[PDB]
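Source file: final.txt. Holds: compact mmCIF, C-alpha atoms.
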```txt
# COMPACT_ATOMS: atom_id res chain seq x y z
CA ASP X 43 -1.04 -20.32 -24.11
CA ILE X 44 -1.89 -16.80 -22.95
CA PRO X 45 0.57 -13.87 -22.69
CA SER X 46 2.35 -12.86 -19.48
CA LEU X 47 0.96 -9.73 -17.82
CA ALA X 48 4.36 -8.39 -16.73
CA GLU X 49 5.93 -9.19 -20.11
CA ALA X 50 3.30 -7.03 -21.81
CA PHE X 51 4.66 -4.05 -19.90
CA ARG X 52 8.35 -4.84 -20.41
CA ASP X 53 8.92 -1.43 -22.00
CA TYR X 54 6.95 0.52 -19.39
CA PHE X 55 7.26 -0.69 -15.82
CA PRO X 56 7.32 -3.80 -13.65
CA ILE X 57 3.92 -5.26 -12.72
CA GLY X 58 3.51 -6.43 -9.14
CA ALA X 59 0.94 -8.06 -6.91
CA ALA X 60 0.21 -8.35 -3.20
CA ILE X 61 0.61 -11.88 -1.83
CA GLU X 62 0.13 -14.04 1.29
CA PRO X 63 2.68 -16.67 2.40
CA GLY X 64 0.20 -19.46 1.75
CA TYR X 65 0.02 -18.52 -1.95
CA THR X 66 3.71 -19.27 -2.53
CA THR X 67 2.99 -22.87 -3.59
CA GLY X 68 0.39 -24.61 -5.73
CA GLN X 69 -1.50 -23.36 -8.76
CA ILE X 70 -1.91 -19.83 -7.39
CA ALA X 71 1.89 -19.64 -7.08
CA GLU X 72 2.26 -20.57 -10.76
CA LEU X 73 -0.10 -17.73 -11.67
CA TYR X 74 2.20 -15.27 -9.86
CA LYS X 75 5.30 -16.76 -11.49
CA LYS X 76 3.87 -16.30 -14.96
CA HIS X 77 2.35 -12.84 -14.65
CA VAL X 78 4.27 -10.62 -12.21
CA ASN X 79 7.87 -9.55 -11.63
CA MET X 80 7.30 -7.73 -8.33
CA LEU X 81 5.69 -8.64 -5.01
CA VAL X 82 4.42 -6.98 -1.85
CA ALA X 83 3.11 -8.67 1.29
CA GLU X 84 -0.63 -8.18 1.73
CA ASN X 85 -0.36 -8.66 5.51
CA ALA X 86 2.84 -10.46 6.55
CA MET X 87 4.94 -7.31 6.88
CA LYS X 88 2.60 -5.05 8.85
CA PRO X 89 3.50 -4.18 12.48
CA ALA X 90 0.94 -6.63 13.88
CA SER X 91 2.68 -9.41 11.97
CA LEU X 92 6.33 -8.56 12.64
CA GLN X 93 6.24 -7.54 16.33
CA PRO X 94 2.93 -8.76 17.89
CA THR X 95 4.27 -8.11 21.41
CA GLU X 96 7.33 -6.08 22.42
CA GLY X 97 10.63 -7.83 21.80
CA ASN X 98 8.95 -10.85 20.25
CA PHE X 99 9.46 -10.56 16.51
CA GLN X 100 7.90 -12.99 14.01
CA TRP X 101 9.78 -13.30 10.72
CA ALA X 102 8.63 -16.62 9.19
CA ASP X 103 5.77 -15.38 7.00
CA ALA X 104 7.66 -12.32 5.77
CA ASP X 105 10.80 -14.40 5.14
CA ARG X 106 8.77 -16.89 3.10
CA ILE X 107 7.52 -14.18 0.75
CA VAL X 108 11.06 -12.81 0.41
CA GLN X 109 12.41 -16.26 -0.51
CA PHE X 110 9.64 -16.91 -3.05
CA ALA X 111 10.42 -13.56 -4.69
CA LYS X 112 14.17 -14.20 -4.85
CA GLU X 113 13.71 -17.72 -6.25
CA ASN X 114 11.71 -16.20 -9.10
CA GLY X 115 13.69 -13.00 -9.67
CA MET X 116 10.87 -10.73 -8.50
CA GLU X 117 11.46 -7.28 -7.02
CA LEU X 118 10.05 -6.62 -3.54
CA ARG X 119 8.16 -3.77 -1.86
CA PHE X 120 7.77 -3.39 1.91
CA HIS X 121 4.26 -2.74 3.23
CA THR X 122 4.40 -1.04 5.68
CA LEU X 123 6.50 0.31 8.59
CA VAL X 124 4.02 2.79 10.10
CA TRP X 125 0.21 2.65 9.98
CA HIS X 126 -2.65 3.46 12.37
CA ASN X 127 -4.22 0.10 11.47
CA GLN X 128 -2.89 -3.41 12.13
CA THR X 129 -0.46 -2.12 14.76
CA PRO X 130 -0.44 -3.83 18.20
CA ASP X 131 -1.86 -1.62 20.96
CA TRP X 132 1.18 -2.19 23.20
CA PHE X 133 3.00 0.40 21.07
CA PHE X 134 0.82 3.13 22.58
CA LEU X 135 0.57 2.08 26.23
CA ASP X 136 2.53 3.90 28.93
CA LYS X 137 4.68 2.14 31.53
CA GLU X 138 1.62 1.16 33.57
CA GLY X 139 -0.25 -0.36 30.63
CA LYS X 140 -2.68 2.52 30.17
CA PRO X 141 -3.24 4.33 26.83
CA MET X 142 -0.72 7.16 26.39
CA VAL X 143 -3.41 9.31 24.77
CA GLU X 144 -5.18 9.41 28.14
CA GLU X 145 -2.26 10.97 30.03
CA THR X 146 -2.90 14.57 31.12
CA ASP X 147 0.31 15.36 33.02
CA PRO X 148 2.63 17.39 30.73
CA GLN X 149 5.79 15.71 32.03
CA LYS X 150 4.48 12.16 31.69
CA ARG X 151 3.28 13.03 28.19
CA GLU X 152 6.79 14.21 27.32
CA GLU X 153 8.15 10.94 28.69
CA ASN X 154 5.59 9.03 26.62
CA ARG X 155 6.51 10.97 23.48
CA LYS X 156 10.15 9.93 23.81
CA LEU X 157 9.19 6.36 24.73
CA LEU X 158 6.96 5.93 21.67
CA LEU X 159 9.64 7.37 19.36
CA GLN X 160 12.21 5.02 20.90
CA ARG X 161 9.89 2.07 20.19
CA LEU X 162 9.47 3.31 16.62
CA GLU X 163 13.22 3.63 16.11
CA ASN X 164 13.98 0.18 17.49
CA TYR X 165 11.18 -1.42 15.47
CA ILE X 166 12.30 0.16 12.20
CA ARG X 167 15.98 -0.63 12.76
CA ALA X 168 15.27 -4.33 13.37
CA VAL X 169 13.02 -4.68 10.31
CA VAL X 170 15.16 -2.63 7.92
CA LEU X 171 18.44 -4.29 8.89
CA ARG X 172 16.86 -7.68 8.22
CA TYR X 173 15.41 -6.85 4.78
CA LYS X 174 17.44 -3.92 3.37
CA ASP X 175 19.50 -6.25 1.16
CA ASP X 176 16.48 -7.84 -0.55
CA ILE X 177 13.78 -5.14 -0.45
CA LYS X 178 14.48 -1.87 -2.25
CA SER X 179 11.11 -0.09 -2.22
CA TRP X 180 9.60 0.86 1.15
CA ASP X 181 6.21 2.19 2.28
CA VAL X 182 7.58 3.98 5.36
CA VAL X 183 4.35 5.61 6.54
CA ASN X 184 0.85 4.69 5.41
CA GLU X 185 -2.41 6.67 5.38
CA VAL X 186 -1.26 9.56 7.58
CA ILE X 187 -3.64 12.01 5.87
CA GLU X 188 -7.31 12.55 6.74
CA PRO X 189 -9.07 15.73 5.47
CA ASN X 190 -11.81 15.35 8.10
CA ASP X 191 -9.32 15.59 10.97
CA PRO X 192 -7.90 18.92 12.23
CA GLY X 193 -5.25 20.24 9.87
CA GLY X 194 -5.78 17.31 7.53
CA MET X 195 -3.51 15.02 9.55
CA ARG X 196 -5.05 11.69 10.59
CA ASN X 197 -5.61 11.96 14.34
CA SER X 198 -4.25 8.51 15.19
CA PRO X 199 -2.32 7.69 18.38
CA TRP X 200 0.92 8.30 16.44
CA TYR X 201 -0.17 11.87 15.74
CA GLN X 202 -1.84 12.54 19.10
CA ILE X 203 1.37 11.63 20.92
CA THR X 204 4.09 12.89 18.56
CA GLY X 205 2.50 15.22 16.03
CA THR X 206 4.37 14.90 12.73
CA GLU X 207 7.50 13.76 14.57
CA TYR X 208 6.75 10.07 14.01
CA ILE X 209 6.76 10.66 10.26
CA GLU X 210 10.06 12.55 10.30
CA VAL X 211 11.66 9.92 12.54
CA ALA X 212 10.26 7.03 10.50
CA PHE X 213 11.88 8.22 7.27
CA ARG X 214 15.15 9.16 8.98
CA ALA X 215 15.37 5.85 10.83
CA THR X 216 14.68 3.87 7.66
CA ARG X 217 17.31 5.82 5.73
CA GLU X 218 19.97 5.45 8.44
CA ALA X 219 19.45 1.71 8.88
CA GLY X 220 18.80 0.96 5.22
CA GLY X 221 21.32 3.03 3.29
CA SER X 222 21.08 5.42 0.35
CA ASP X 223 20.04 2.72 -2.13
CA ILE X 224 16.55 1.89 -0.84
CA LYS X 225 13.66 4.11 -1.96
CA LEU X 226 11.28 5.54 0.65
CA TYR X 227 7.59 6.25 0.08
CA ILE X 228 4.61 7.80 1.84
CA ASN X 229 1.58 5.71 0.82
CA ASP X 230 -2.12 6.62 0.85
CA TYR X 231 -5.52 6.08 -0.81
CA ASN X 232 -7.76 8.58 -2.65
CA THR X 233 -4.62 10.48 -3.63
CA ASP X 234 -6.58 11.51 -6.74
CA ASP X 235 -9.00 13.58 -4.66
CA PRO X 236 -8.05 17.28 -5.03
CA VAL X 237 -8.44 18.14 -1.34
CA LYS X 238 -6.56 15.11 0.00
CA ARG X 239 -3.98 15.40 -2.79
CA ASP X 240 -3.10 18.99 -1.88
CA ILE X 241 -2.93 18.25 1.85
CA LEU X 242 -0.52 15.39 1.17
CA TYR X 243 1.43 17.63 -1.22
CA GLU X 244 1.87 20.38 1.37
CA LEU X 245 3.03 17.89 4.01
CA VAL X 246 5.59 16.22 1.75
CA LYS X 247 6.83 19.57 0.46
CA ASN X 248 7.36 20.83 4.01
CA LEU X 249 9.04 17.60 5.07
CA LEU X 250 11.37 17.69 2.05
CA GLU X 251 12.25 21.30 2.85
CA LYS X 252 13.27 20.15 6.34
CA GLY X 253 15.54 17.43 4.98
CA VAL X 254 13.31 14.40 5.50
CA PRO X 255 14.41 11.66 3.06
CA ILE X 256 11.28 10.97 0.98
CA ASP X 257 11.78 9.48 -2.49
CA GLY X 258 8.23 9.12 -3.70
CA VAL X 259 4.50 8.84 -3.22
CA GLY X 260 2.51 5.63 -3.20
CA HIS X 261 -0.95 5.86 -4.76
CA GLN X 262 -2.98 2.87 -3.50
CA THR X 263 -5.50 3.43 -6.30
CA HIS X 264 -8.31 1.38 -4.76
CA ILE X 265 -10.90 2.49 -7.30
CA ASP X 266 -14.06 1.15 -8.94
CA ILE X 267 -15.72 0.71 -12.34
CA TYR X 268 -17.38 4.12 -12.01
CA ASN X 269 -15.05 6.44 -10.09
CA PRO X 270 -12.72 8.27 -10.06
CA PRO X 271 -11.77 9.88 -13.40
CA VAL X 272 -8.48 8.62 -14.84
CA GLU X 273 -7.56 12.28 -15.39
CA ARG X 274 -7.58 12.87 -11.62
CA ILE X 275 -5.34 9.87 -11.02
CA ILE X 276 -2.81 11.22 -13.53
CA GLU X 277 -3.12 14.82 -12.32
CA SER X 278 -2.04 13.74 -8.82
CA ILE X 279 0.91 11.74 -10.14
CA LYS X 280 2.15 14.67 -12.23
CA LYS X 281 1.80 17.08 -9.30
CA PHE X 282 4.06 15.02 -7.05
CA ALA X 283 6.50 14.47 -9.92
CA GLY X 284 6.89 18.25 -9.85
CA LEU X 285 8.64 17.94 -6.48
CA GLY X 286 11.11 15.47 -7.96
CA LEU X 287 9.24 12.56 -6.39
CA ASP X 288 8.72 9.12 -7.90
CA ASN X 289 5.20 7.67 -8.04
CA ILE X 290 4.07 4.08 -7.61
CA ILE X 291 0.60 2.61 -8.09
CA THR X 292 0.77 0.49 -4.94
CA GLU X 293 -2.51 -1.37 -4.39
CA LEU X 294 -4.50 -1.25 -7.62
CA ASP X 295 -7.87 -3.02 -7.72
CA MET X 296 -11.28 -2.09 -9.10
CA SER X 297 -14.45 -2.86 -7.16
CA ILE X 298 -17.53 -3.61 -9.29
CA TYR X 299 -19.73 -1.67 -6.84
CA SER X 300 -20.03 2.10 -6.35
CA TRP X 301 -19.30 3.69 -2.96
CA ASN X 302 -22.95 3.75 -1.86
CA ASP X 303 -23.89 0.34 -3.25
CA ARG X 304 -24.43 -2.58 -0.87
CA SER X 305 -25.95 -5.07 -3.29
CA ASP X 306 -24.46 -8.44 -4.26
CA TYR X 307 -24.31 -9.84 -7.79
CA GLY X 308 -23.60 -13.23 -6.24
CA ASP X 309 -22.37 -16.04 -8.45
CA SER X 310 -23.49 -14.15 -11.56
CA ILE X 311 -22.03 -10.70 -12.27
CA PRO X 312 -23.52 -9.04 -15.39
CA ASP X 313 -21.50 -9.19 -18.60
CA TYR X 314 -21.59 -5.42 -19.01
CA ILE X 315 -20.04 -5.02 -15.56
CA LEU X 316 -16.98 -7.10 -16.50
CA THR X 317 -16.81 -5.33 -19.85
CA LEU X 318 -17.06 -1.93 -18.18
CA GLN X 319 -14.28 -3.02 -15.83
CA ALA X 320 -12.16 -3.88 -18.87
CA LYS X 321 -12.80 -0.48 -20.45
CA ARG X 322 -11.86 1.27 -17.20
CA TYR X 323 -8.66 -0.76 -16.84
CA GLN X 324 -7.71 -0.12 -20.48
CA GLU X 325 -8.29 3.61 -20.06
CA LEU X 326 -6.21 3.61 -16.86
CA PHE X 327 -3.28 1.73 -18.37
CA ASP X 328 -3.28 3.78 -21.56
CA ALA X 329 -2.76 6.79 -19.31
CA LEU X 330 -0.20 5.11 -17.04
CA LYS X 331 1.84 4.09 -20.08
CA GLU X 332 1.95 7.77 -21.08
CA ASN X 333 3.49 8.51 -17.66
CA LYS X 334 6.03 5.69 -17.37
CA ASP X 335 8.90 8.11 -16.74
CA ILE X 336 7.30 9.30 -13.49
CA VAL X 337 5.71 5.98 -12.44
CA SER X 338 8.33 3.37 -11.53
CA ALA X 339 5.95 0.48 -10.90
CA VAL X 340 2.31 -0.62 -10.99
CA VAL X 341 1.26 -3.06 -8.28
CA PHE X 342 -2.14 -4.80 -8.02
CA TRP X 343 -3.60 -5.62 -4.62
CA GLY X 344 -3.73 -9.30 -5.48
CA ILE X 345 -3.96 -11.34 -8.66
CA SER X 346 -7.14 -13.42 -8.50
CA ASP X 347 -10.71 -12.54 -7.52
CA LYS X 348 -10.58 -15.63 -5.31
CA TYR X 349 -8.44 -13.61 -2.88
CA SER X 350 -9.44 -9.99 -2.28
CA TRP X 351 -10.31 -7.87 0.74
CA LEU X 352 -13.10 -6.38 -1.36
CA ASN X 353 -15.03 -9.65 -1.09
CA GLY X 354 -15.42 -8.90 2.61
CA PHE X 355 -15.19 -5.12 2.88
CA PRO X 356 -17.32 -3.18 3.40
CA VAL X 357 -19.53 -6.29 3.35
CA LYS X 358 -19.32 -9.99 2.52
CA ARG X 359 -20.34 -10.39 -1.11
CA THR X 360 -19.06 -11.44 -4.51
CA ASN X 361 -16.74 -8.74 -5.82
CA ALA X 362 -14.42 -9.17 -8.84
CA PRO X 363 -11.72 -6.44 -8.62
CA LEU X 364 -8.78 -8.09 -10.40
CA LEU X 365 -7.60 -9.48 -13.76
CA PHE X 366 -8.06 -13.22 -13.14
CA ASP X 367 -11.27 -14.86 -11.94
CA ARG X 368 -11.87 -17.34 -9.13
CA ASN X 369 -10.64 -20.20 -11.34
CA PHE X 370 -7.46 -18.27 -12.19
CA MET X 371 -8.67 -17.66 -15.75
CA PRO X 372 -8.15 -14.34 -17.57
CA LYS X 373 -11.07 -11.90 -17.41
CA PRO X 374 -12.04 -9.30 -20.03
CA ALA X 375 -9.92 -6.74 -18.16
CA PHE X 376 -6.83 -8.92 -18.65
CA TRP X 377 -7.26 -9.01 -22.43
CA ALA X 378 -8.16 -5.32 -22.52
CA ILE X 379 -4.72 -4.27 -21.26
CA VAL X 380 -2.46 -6.96 -22.77
CA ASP X 381 -4.17 -6.79 -26.16
CA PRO X 382 -6.43 -3.67 -26.30
```
Show me, as structure tokens, the structure contained in the file I just sent.
Amino acid sequence: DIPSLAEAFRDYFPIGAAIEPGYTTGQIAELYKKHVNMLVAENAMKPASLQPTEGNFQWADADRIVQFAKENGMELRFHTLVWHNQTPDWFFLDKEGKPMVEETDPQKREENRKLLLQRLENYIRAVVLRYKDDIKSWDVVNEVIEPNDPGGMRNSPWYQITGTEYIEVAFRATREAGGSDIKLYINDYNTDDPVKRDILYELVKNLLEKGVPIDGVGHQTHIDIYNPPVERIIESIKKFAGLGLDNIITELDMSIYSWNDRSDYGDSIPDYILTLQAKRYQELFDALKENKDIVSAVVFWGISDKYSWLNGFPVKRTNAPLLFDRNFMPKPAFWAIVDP
């Protein structure tokens, strides 16, 4: 009989995990029931899943995850209302079916700006009205920052057509349809990086000054056994806390390969690698525990190494980013944080 992961952090913060509808039954489901008290949909609540084509919403998968959470008293997070990825291309086509970004006529572009914002409003209202009562934490916009793009704003179709308007409207629309009780977040990765951190900080500060309802920042925290320094992760969290914003570790996982490594340990995986992973995780959680009053939740991007995007991205290989192995057994990293 091993200890429950979430129970170990009873006095600090809830522990969550991303999930797919198919993992709501069977042994994998029992693993979730024993170790986490919060859930987020890995893919079932992205735009591509909820409204594949205009006016044709698909709720089954998302509803299933909501029901599983409620049956087990788990809190829910919504991932994610706005994102340049996994969003059907129909969103950005003009009335003739051609990409809005290609329009050169000023008047048609103005028409397209209003049309896209109308689509955004209607999409958000439908989704929020359906889940506002069961989901209290929302990733309203995701990955809108890109240092390499002009001004540091990701130059996605959303931005090319509406500038920062889509972000302002997204938060406002979510607040109006959802009420004052739900918490709204802007989520992103590499939020520990000084440059990206400050760009995000300036944007949020400006938006807050304009009255945009933003409650906190989501730090995906997709890191690895080598980088980045735990100090940088905490520095970012404290900086945003200075604006009165909450912080959530939203998609925590730890690749066993560095950024420039394309090798594959295969079945194996050296002992020191799993031990190093444990040391990194222990160091991270020791720091997160010291910041519990500004970090409302810590969510892992999964629960078992059997199911992780890192096993296929950037390449197909054997990764081991989580706390439980492919047989759902506790890894060194699990013991390192529940009994360090």
Using only C-alpha atoms, the best pick from X:339, X:352, X:108, X:256 as closest to residue 226 in chain X would be X:256
For range 353-367 of chain X, I'd like the enclosing box, axis-aligned and padded by 4 Å on every side, reported as AutoDock Vina command-line options with centre and edge lengths in Å to one decimal.
```
--center_x -14.0 --center_y -9.0 --center_z -5.2 --size_x 20.7 --size_y 19.7 --size_z 25.2
```
Practice prompt. Counting only C-alpha atoms, note down every residue that has an atom within 8 Å of the point (-8.1, -6.7, -12.0) (file coordinates), as an MDAnalysis selection string.
Written response: chainID X and resid 294:296 323 342 345:347 362:366 375:376
Wanna dump the range 275-347 of chain X-range 234-243 of chain X contacts at 9 Å for me, each residue with its shortest atom pair and the distance in Å to one decimal, counting only C-alpha atoms, ordered by chain and number, as CSV?
```
residue,atom,partner,partner_atom,distance
X:275,CA,X:234,CA,4.7
X:276,CA,X:234,CA,7.8
X:277,CA,X:234,CA,7.4
X:278,CA,X:234,CA,5.5
X:279,CA,X:234,CA,8.2
X:281,CA,X:243,CA,8.1
X:282,CA,X:243,CA,6.9
X:285,CA,X:243,CA,8.9
```
Of X:196, X:368, X:118, X:204, the one sitting nearest residue 152 in chain X when using only C-alpha atoms is X:204
Review point. Pick from X:98, X:109, X:350, X:46: nearest to residue 66 in chain X, with all atoms listed in the file counted?
Key: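 When distances to residue 66 in chain X are compared using all atoms listed in the file, the smallest one comes from X:109.
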For residue 318 in chain X, the closest of X:286, X:141, X:374, X:271 counting only C-alpha atoms is X:374
Please write a file for range 54-72 of chain X, taken from the block I just shared, that holds N, CA, C and O atoms and is laid out as an mmCIF file, in the first residue's frame.
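Result went into part-v1.cif, see below:
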```cif
data_model
loop_
_atom_site.group_PDB
_atom_site.id
_atom_site.type_symbol
_atom_site.label_atom_id
_atom_site.label_comp_id
_atom_site.auth_asym_id
_atom_site.auth_seq_id
_atom_site.Cartn_x
_atom_site.Cartn_y
_atom_site.Cartn_z
ATOM 1 N N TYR X 54 -0.702 21.872 1.207
ATOM 2 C CA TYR X 54 -0.065 22.811 0.290
ATOM 3 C C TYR X 54 -0.932 23.243 -0.874
ATOM 4 O O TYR X 54 -1.209 24.431 -1.040
ATOM 5 N N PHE X 55 -1.349 22.283 -1.686
ATOM 6 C CA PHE X 55 -2.188 22.588 -2.835
ATOM 7 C C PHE X 55 -2.705 21.321 -3.495
ATOM 8 O O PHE X 55 -2.140 20.240 -3.323
ATOM 9 N N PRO X 56 -3.815 21.432 -4.233
ATOM 10 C CA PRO X 56 -4.328 20.233 -4.896
ATOM 11 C C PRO X 56 -3.332 19.790 -5.968
ATOM 12 O O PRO X 56 -2.560 20.606 -6.486
ATOM 13 N N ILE X 57 -3.342 18.498 -6.283
ATOM 14 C CA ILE X 57 -2.460 17.943 -7.302
ATOM 15 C C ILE X 57 -3.357 17.418 -8.416
ATOM 16 O O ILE X 57 -4.222 16.573 -8.178
ATOM 17 N N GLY X 58 -3.153 17.927 -9.627
ATOM 18 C CA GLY X 58 -3.972 17.504 -10.745
ATOM 19 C C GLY X 58 -3.217 16.800 -11.850
ATOM 20 O O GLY X 58 -1.989 16.703 -11.828
ATOM 21 N N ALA X 59 -3.964 16.309 -12.830
ATOM 22 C CA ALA X 59 -3.365 15.619 -13.956
ATOM 23 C C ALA X 59 -4.245 15.725 -15.194
ATOM 24 O O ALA X 59 -5.479 15.714 -15.106
ATOM 25 N N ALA X 60 -3.600 15.838 -16.348
ATOM 26 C CA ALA X 60 -4.312 15.911 -17.616
ATOM 27 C C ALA X 60 -4.876 14.511 -17.848
ATOM 28 O O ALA X 60 -4.311 13.528 -17.359
ATOM 29 N N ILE X 61 -5.974 14.416 -18.593
ATOM 30 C CA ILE X 61 -6.597 13.120 -18.839
ATOM 31 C C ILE X 61 -7.336 13.085 -20.179
ATOM 32 O O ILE X 61 -7.690 14.129 -20.731
ATOM 33 N N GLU X 62 -7.533 11.877 -20.704
ATOM 34 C CA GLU X 62 -8.271 11.664 -21.948
ATOM 35 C C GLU X 62 -9.531 10.908 -21.538
ATOM 36 O O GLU X 62 -9.528 10.178 -20.545
ATOM 37 N N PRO X 63 -10.629 11.069 -22.293
ATOM 38 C CA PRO X 63 -11.873 10.373 -21.946
ATOM 39 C C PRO X 63 -11.734 8.859 -21.815
ATOM 40 O O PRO X 63 -12.386 8.242 -20.976
ATOM 41 N N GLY X 64 -10.873 8.267 -22.636
ATOM 42 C CA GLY X 64 -10.681 6.831 -22.585
ATOM 43 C C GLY X 64 -10.007 6.329 -21.319
ATOM 44 O O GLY X 64 -10.034 5.129 -21.046
ATOM 45 N N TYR X 65 -9.407 7.230 -20.541
ATOM 46 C CA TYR X 65 -8.728 6.826 -19.309
ATOM 47 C C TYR X 65 -9.636 6.953 -18.082
ATOM 48 O O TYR X 65 -9.159 6.896 -16.947
ATOM 49 N N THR X 66 -10.937 7.127 -18.302
ATOM 50 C CA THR X 66 -11.870 7.270 -17.189
ATOM 51 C C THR X 66 -12.435 5.945 -16.677
ATOM 52 O O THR X 66 -13.348 5.928 -15.851
ATOM 53 N N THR X 67 -11.895 4.838 -17.179
ATOM 54 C CA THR X 67 -12.307 3.507 -16.736
ATOM 55 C C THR X 67 -11.069 2.618 -16.731
ATOM 56 O O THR X 67 -10.035 2.979 -17.296
ATOM 57 N N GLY X 68 -11.164 1.464 -16.085
ATOM 58 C CA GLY X 68 -10.031 0.559 -16.048
ATOM 59 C C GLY X 68 -8.987 0.897 -15.001
ATOM 60 O O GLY X 68 -9.186 1.777 -14.159
ATOM 61 N N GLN X 69 -7.861 0.195 -15.060
ATOM 62 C CA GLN X 69 -6.780 0.400 -14.107
ATOM 63 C C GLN X 69 -6.233 1.829 -14.107
ATOM 64 O O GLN X 69 -5.963 2.389 -13.045
ATOM 65 N N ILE X 70 -6.067 2.422 -15.286
ATOM 66 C CA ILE X 70 -5.548 3.782 -15.348
ATOM 67 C C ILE X 70 -6.469 4.722 -14.563
ATOM 68 O O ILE X 70 -5.998 5.622 -13.865
ATOM 69 N N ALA X 71 -7.777 4.496 -14.657
ATOM 70 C CA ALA X 71 -8.742 5.321 -13.940
ATOM 71 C C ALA X 71 -8.544 5.210 -12.426
ATOM 72 O O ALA X 71 -8.689 6.193 -11.703
ATOM 73 N N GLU X 72 -8.219 4.011 -11.947
ATOM 74 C CA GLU X 72 -8.005 3.805 -10.519
ATOM 75 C C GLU X 72 -6.761 4.546 -10.046
ATOM 76 O O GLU X 72 -6.690 4.983 -8.897
#
```
